[PDB]
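Read through the structure below, which is laid out as structure tokens, and then see the notes.
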Protein chains: 2
Amino acid sequence: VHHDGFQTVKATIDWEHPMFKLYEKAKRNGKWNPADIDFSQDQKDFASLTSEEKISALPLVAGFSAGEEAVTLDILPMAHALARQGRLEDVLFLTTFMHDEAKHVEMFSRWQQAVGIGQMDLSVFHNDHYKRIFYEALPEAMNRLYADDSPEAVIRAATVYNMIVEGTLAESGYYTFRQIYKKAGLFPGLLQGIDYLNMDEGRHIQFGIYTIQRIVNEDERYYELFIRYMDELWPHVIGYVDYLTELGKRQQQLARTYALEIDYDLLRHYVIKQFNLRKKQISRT
Amino acid sequence: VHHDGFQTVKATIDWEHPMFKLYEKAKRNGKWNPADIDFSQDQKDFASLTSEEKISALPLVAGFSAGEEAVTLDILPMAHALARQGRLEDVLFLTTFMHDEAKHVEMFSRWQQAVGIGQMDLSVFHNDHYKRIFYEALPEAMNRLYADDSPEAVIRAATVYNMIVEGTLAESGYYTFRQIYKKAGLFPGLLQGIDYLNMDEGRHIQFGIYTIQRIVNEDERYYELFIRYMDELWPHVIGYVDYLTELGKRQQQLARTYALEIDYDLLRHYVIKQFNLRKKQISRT
Ligand SMILES: CCCCCCCCCCCCCCCC(=O)O
Ligand SMILES: CCCCCCCCCCCCCCCC(=O)O
Ligand SMILES: [Fe+3]
Ligand SMILES: [Fe+3]
Ligand SMILES: [Fe+3]
Ligand SMILES: [Fe+3]
């Protein structure tokens, strides 16, 4: 359907809009290119590993590669719905958001190629709980926005994507990668990439927070909805976390070999800490 | 609806795909930031002008500011349709495409602000023919892709957006800006921006060409459709061009003052040259 006018013809960009400022920061801090990362040492490290240690690292890479690919496809409806509501600055920022995820898909896929597992199907490490979040609830909530851009729909989409998938799982994954391999001295290329992903991620979660907080602000009954959507998802969050944990407890040889005392109980409570801390970033008032 | 799998989990990115290569080029050559452009001299130039010369430049800025804003909102359905067809590399590239246009909206709006016309409504320089292309046919063709991603729909969308709006009007506009103001010594900031826009634009038109050529390749009856959609639009193309030309012939004082012999007849045949040359870039075979 038709445009009825153009903001930057009638007026200008709202330069003071937070999403315009968050767009500006993204351009300044989003210059990194996965294609400049040197994975040659990563390749050597992965070959150096035994078959059992090789396994140790794949689940996490599995969950991330599929995750980045899901959010790259699935952020589009949000940009569409906000564009329809005339939120130009939100859209400007969202272009950086979508390119960020394209680079993230790119980064993990380069790593797989480089270390020689690109031809290996890693879908096997996606369990039921993971499929429920990523194969199902995420795309349902996002695509919903094509036909229903109510406050409710928008809140639930930001919650699933920005607060749960990014704000809870992705954050915990970044932490898990560092806890394990930055210590081991392994996969310097991957960790370079993970640090850049983690930076990008800050902007993604701030968008989620702003989006949710401005809808809560108009009517604090929506706060309750927010908490409810968080808690609806927790079981699959932890159910994936437990699954990865038990895969870990059954394949200790990467831990044995690299003198790591992998405190799965500390990863567990980091996830929890993440979940509760995302809740705290939304004010009821 | 659900994801049924993920390419970068089952396999990797197709690294040899042209849209993956075009994505790579975009990252290398898309670093420019409108916010680094110095418009201080532009501000002085615009104030230096008489009221009549001030007018001379606004139509063109009008058509561009609305144009950039239209394509920023209106490229989204293309990314959506290709994402649904599983064309991952196309999507990766399209993230650069969408960010490019966000920067283009940003560039012209900064210029208006800087020279002091941000508060002026420039919609008055959009005539009937322009509204038909930009207010109507462009969004119709793009949004169509949400419910109809047939070869026909896709060809017609690439034709309206990439071959006509970018490939014919935008290209001619870049040329018109240089012909007039690069000579006059005016608006160095704006022209800096225009040069960057022109570079970005090369990738946008190549995407259009690749998209159209791969559908023609499967069935050369679609070539005819391509030419037809080009010719359907020509009247509004030229009808805008004539309108801008007559606005120009009635406000000569920028020409008189800056020793410009503005060959509107040469701009005219540059537009035509553009139109015919876009046709030539699609092979029937
Ligand atoms: C053993 C402790 C478990 C740690 C939790 C790991 C969760 C893996 C992360 C996979 C999902 C990543 C989603 C990406 C989101 C984005 O890129 O914006
Ligand atoms: C006097 C000679 C006329 C020259 C033709 C000028 C046409 C003005 C351009 C306005 C449309 C620009 C559309 C932008 C497309 C994009 O940014 O991808
Ligand atoms: Fe990501
Ligand atoms: Fe993210
Ligand atoms: Fe543009
Ligand atoms: Fe363009």
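A, B, ... follow the sequence lines: proteins, then strands. Residue 1 opens every chain. Read the numbers this way: they start at 1 and go in the same order the structure lists the ligands and their atoms. The figures that follow rest on heavy atoms only: side chains count, while hydrogens, waters and symmetry mates do not.
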Do the side-chain N and O atoms of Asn198(A) and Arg178(A) include a donor-acceptor pair separated by under 3.5 angstrom? yes

Would you say the side-chain atoms of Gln274(B) and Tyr175(B) include a donor-acceptor pair closer than 3.5 Å? no

Atoms of type N, O or S from the protein that sit nearer than 2.8 Å to the Fe ion (ligand 5) number exactly 3

Check the orientation of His236(A) and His129(A). Use parallel for under 30°, tilted for 30 to 60°, and perpendicular for over 60°. tilted

Hey, does the side chain of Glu69(B) reach the backbone of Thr8(A) with a donor-acceptor pair shorter than 3.5 angstrom? yes

Positive for side-chain contact (heavy atoms from CB on, under 4.5 Å) with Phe125(B), one of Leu58(B), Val61(B), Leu244(B), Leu60(B): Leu58(B)

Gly208(B) versus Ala158(B), closest heavy-atom pair with distance: O-CB, 4.2 Å

